[PDB]
Structures are given as structure tokens and as C-alpha cells.
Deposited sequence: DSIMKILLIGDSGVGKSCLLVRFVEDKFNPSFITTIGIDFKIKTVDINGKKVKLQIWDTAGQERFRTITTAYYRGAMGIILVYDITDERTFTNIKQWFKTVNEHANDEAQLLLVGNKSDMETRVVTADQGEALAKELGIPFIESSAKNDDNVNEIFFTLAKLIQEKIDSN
């Protein structure tokens, strides 16, 4: 009952760190990892993919999206540009992912005082895009597990409908 989940977004927002915090629970300043969780009383294996710093030289590959049922769009709350770029990522993902894939918006680095994107702004963009929103901190381990459990539950719902 594997669930393929992708982390997408501008380089530098903290994608690889969120994944490391979730699987290993660590932070420090074969492109996937596995972690098994329980969903509605059933063991679910999450196959979590990390871009491998390749979003800097070319668009996401086809086989990358193949089988992906969850796609997490991440931006940096301290970097306006990465937030503005979310619309482009959303477009790219929609023009290539399965029609039933569930998306989720994550505003990362909520621990930083240098924040320039407010929670209200993130919530507003998520609403406009029609997807759930979560603010996290891979550094302080804030809401990281929630990202994956929230997304996994939404995916389990689509599968059963």
C-alpha cells in the first residue's frame, strides 16, 4: 500500500531538510526515503522523493510524477521570491501529475524572525489554489510530521472514493 510523495519548490527553501527531519528527526545546515505510518488503522509505507538539487537545471521528469499521489509545494517564508514562484510550480505540477494527485502548500522556516511572507498570505494562496496549507520549521521540528500525516490522510480518502 505504498504512497509516492514528492517535495517540490525553489532550491533553498528547505525541502531536503524537511524530509530528513521527518524520517530521521535531525537538522544540520536513490533520491527517495521510506517511512511507514498508520492511516485509518492500516500500515502505510511512504516513498518520499527529494529533487536531488536538480530543479536548478531542468523541469521535473515524467517518471518523477509517475505514480505520485501526493505533491508538497514548499516555499521559504523569509524569501518572497520562492513564494511568488509557487504559482509557476503549481502550474508545472498540474500539467504533469496524475489527475488525482493531492497537493499541499508548505511555508517553511517559520522559526526565522526575518519572515517576509505572513501566515495570512500563505493561507490566502493555498485557498486560491484549492489546497491545504501548513507552516513548518524543519529546524525547530515544528509541524513537520503534520505535513505528511495530513497529506497521507487526504490521499487515502481519494483512493477509497
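Judged by missing C-alpha atoms, the gaps in the deposited chain sequence fall at residues 1, 31-37, 170, listed in sequence order.
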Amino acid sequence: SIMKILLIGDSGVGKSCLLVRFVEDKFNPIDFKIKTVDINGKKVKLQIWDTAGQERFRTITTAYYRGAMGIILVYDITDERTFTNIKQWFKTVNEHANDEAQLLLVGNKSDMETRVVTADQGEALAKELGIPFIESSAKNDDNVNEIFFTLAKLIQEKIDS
From here on, numbers count along this sequence of modelled residues.
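Comparing the deposited coordinates for 40-48 and 123-131, the stretch with the larger average C-alpha B-factor is 40-48.
On average the C-alpha atoms of 19-27 have higher B-factors than those of the other stretch, with 5-13 and 19-27 being the two compared. Sorting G107, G53, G70, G67 by the CA temperature factor given in the entry leaves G53 at the top. The PDB entry assigns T150 a C-alpha temperature factor belonging to the lowest third of its chain's modelled residues.
Sort the chain's modelled residues by C-alpha temperature factor and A63 lands in the highest third, per the entry.
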